[PDB]
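Down below is the structure, laid out as structure tokens.
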Amino acid sequence: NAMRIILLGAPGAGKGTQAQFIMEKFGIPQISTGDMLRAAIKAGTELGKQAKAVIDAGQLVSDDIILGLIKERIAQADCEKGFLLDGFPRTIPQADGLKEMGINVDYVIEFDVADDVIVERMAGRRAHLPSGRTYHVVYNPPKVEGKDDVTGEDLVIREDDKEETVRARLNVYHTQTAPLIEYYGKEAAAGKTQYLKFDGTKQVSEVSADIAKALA
Amino acid sequence: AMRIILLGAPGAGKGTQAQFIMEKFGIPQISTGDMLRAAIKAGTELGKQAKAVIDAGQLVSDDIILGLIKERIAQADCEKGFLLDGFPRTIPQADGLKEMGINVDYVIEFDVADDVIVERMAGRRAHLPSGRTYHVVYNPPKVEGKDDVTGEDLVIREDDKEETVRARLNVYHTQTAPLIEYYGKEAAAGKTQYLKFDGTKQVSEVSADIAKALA
């Protein structure tokens, strides 16, 4: 058989831990829309070119450009058993595009972790600006609070990590995602796809469990 | 066949000529980070291996990076050559390559004075939540200090201010200096062609000379 999944979840919710689990468990690669495209431009593929031409000129990348990569990405040999789409489609026409290019998804999984949780998580992040080395006050502390483990120089909390900024970020995702939730929730209700929501504050081992249970 | 190493300060926009060369000469730009991030997401045996290091809070080791590049450059698109951007960063990494028989035809040192980089950086403006990136001299918003889309405020990223930039740059050269002598020594022997270009100059003008050189 084959296995294709779309994956949604909030910026900072840390969904990648389960992408990489799905990866291992089902053996299907990760395709970041942003990485796949970054790769192409730097590799100078036909599509990396075309994109890179649009970019240079400061213009908006056509969707026809994007589905092609994905048509080429899933045309990679590593996708034989399927794949995982991370935070894509981002729009209804992208939902439609996938379909109209022969990509019809088995499961749509949504990793939700309350906004409020995520902000406190971002808030723990520190960094050292001259070297860009990062820290988190819980998940991986410096050996000393406030100080860079390599230069002994003080740490900062990035601005983009702060509530104001993360909160702004969060509202856009929600604002953008809701119709896809709505779109595929509509697909799923009509058995077109299976839509699944997981509590991402349960321990990884736990979430990983339920996830496997569903995908039987 | 022509193999190439790009050396250049962060933000001096070496990436800019790295794309010229690829366009002009048809060889891919190879970024270790990117190459590394992609193996992880593809979950290659090595990508898998490397991912484990990260979750352990450790650095990825040379053998793994070297094994990824080995993997990269054996790919179809590299038959006529490739551009290494962001590697090697150590002498052992440098020796690592040579062992594997990496036949660098040119080492290219992209140079912009510190003070020029500072002023370059001094012009970047960010809209924090999207990470979109304006620039007052090279790429301004529709509206001054305002985000075209949202109409939000653009900030002067703390990351782009002088104390840090020169801090960063300072570190940059201490690290890089030994590669320069390393490749200076190699060139001395003849094992590669060492080149150097002033990046303070305009791009199409810089790209021009590069092409002449690699003719």
Side-chain angles (χ1 to χ4, degrees), chain A residues 11 16-17 19-20 22-24 27-32 34-36 38-45 48-49 52-53 55-56 58 73 76 78-79 83-84 86 127-132 135-136 139-141 150-151 153 156-162 164-173, chain B residues 10 15-16 18-19 21-31 33-35 37-44 47-48 51 54-57 72 75-78 82-83 85 126-131 139 149-150 152 155-161 163-172 175:
Chain A
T17 301
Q20 144 194 10
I22 288 180
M23 245 215 36
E24 272 121 59
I28 53 181
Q30 262 147 282
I31 296 160
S32 177
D35 293 345
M36 207 200 27
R38 227 193 308 296
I41 286 159
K42 264 196 187 230
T45 64
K49 285 169 190 274
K52 178 56 167 30
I55 287 138
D56 271 344
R73 179 73 166 95
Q76 305 318 312
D78 61 7
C79 298
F83 42 86
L84 175 132
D86 144 57
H128 174 250
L129 296 178
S131 77
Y135 301 90
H136 189 285
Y139 317 129
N140 194 95
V150 178
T151 64
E153 300 159 9
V156 311
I157 313 184
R158 290 191 175 273
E159 281 295 335
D160 350 67
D161 281 334
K162 303 215 179 190
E164 179 209 6
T165 306
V166 181
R167 289 215 172 270
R169 182 162 326 162
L170 293 166
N171 189 35
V172 163
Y173 159 88
Chain B
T16 245
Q19 303 266 38
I21 294 168
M22 176 186 77
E23 276 174 29
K24 159 73 169 190
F25 299 107
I27 51 190
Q29 171 179 173
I30 292 184
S31 146
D34 282 23
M35 170 195 356
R37 299 183 171 101
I40 289 183
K41 276 189 179 171
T44 87
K48 291 245 173 189
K51 177 63 217 271
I54 320 305
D55 292 336
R72 186 58 192 91
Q75 288 203 253
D77 54 15
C78 286
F82 54 82
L83 189 151
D85 203 21
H127 167 252
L128 286 200
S130 76
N139 271 112
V149 193
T150 64
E152 252 82 305
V155 323
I156 301 160
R157 280 229 141 92
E158 273 305 328
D159 330 3
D160 312 334
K161 293 171 174 69
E163 185 197 358
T164 300
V165 170
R166 299 188 178 277
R168 191 136 51 201
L169 285 174
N170 189 260
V171 196
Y172 167 81
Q175 313 179 295

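For the numbers below, each heavy atom of this structure counts, side chains included, while hydrogens, waters and symmetry mates do not. Throughout, a chain's letter reflects where its sequence line sits, starting with A, and its residues are numbered from 1.
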(request) Below 4.5 Å from any heavy atom of chain B, which atoms of A:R167 appear? Answer side chain, backbone, both or neither. (result) neither
(message) Using heavy-atom distances under 4.5 Å, tell me whether A:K52 contacts chain B through its side chain, its backbone, both, or neither.
(response) side chain
(request) Please state whether the side chain, the backbone, both or neither of A:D56 comes within less than 4.5 Å of a heavy atom of chain B. (result) side chain
(request) Report the residues that fulfil ring-ring contact (aromatic ring centres under 6.0 Å, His included) with B:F25, sequence neighbours left out, ordered by chain and then residue number. (result) none
(message) Is A:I41 close to chain B through its backbone or its side chain, or both, or neither, when contacts mean heavy atoms under 4.5 Å?
(response) both
(request) Would you mind checking which part of A:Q20 comes under 4.5 Å of any heavy atom in chain B, side chain (CB onward), backbone (N, CA, C, O), both or neither? (result) side chain
(request) Given side-chain contact (heavy atoms from CB on, under 4.5 Å), test B:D85 with A:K42 step by step and report yes or no. (result) CA-CA 10 Å; B:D85 203 21; A:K42 264 196 187 230; 4.1 Å; yes
(request) Could you pull out all residues at least two apart from A:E24 that satisfy salt bridge (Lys or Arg N to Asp or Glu O under 4.0 Å)? (result) none
(request) Pick one of side chain, backbone, both or neither for B:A38, based on which atoms fall under 4.5 Å of a heavy atom in chain A. (result) neither
(request) May I ask you to say whether B:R37 pairs ionically with A:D35, meaning some side-chain N is under 4.0 Å from a carboxylate O? (result) no
(request) Measure distances from B:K48 to the heavy atoms of chain A and classify the residue's part below 4.5 Å as side chain, backbone, both or neither. (result) side chain
(request) Give the member of A:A168, A:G27, A:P29 that has the highest number of heavy-atom pairs under 4.5 Å with chain B. (result) A:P29
(request) Would you mind telling me which of B:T150, B:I27, B:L128, B:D159 has the largest number of heavy-atom pairs within less than 4.5 Å of chain A? (result) B:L128
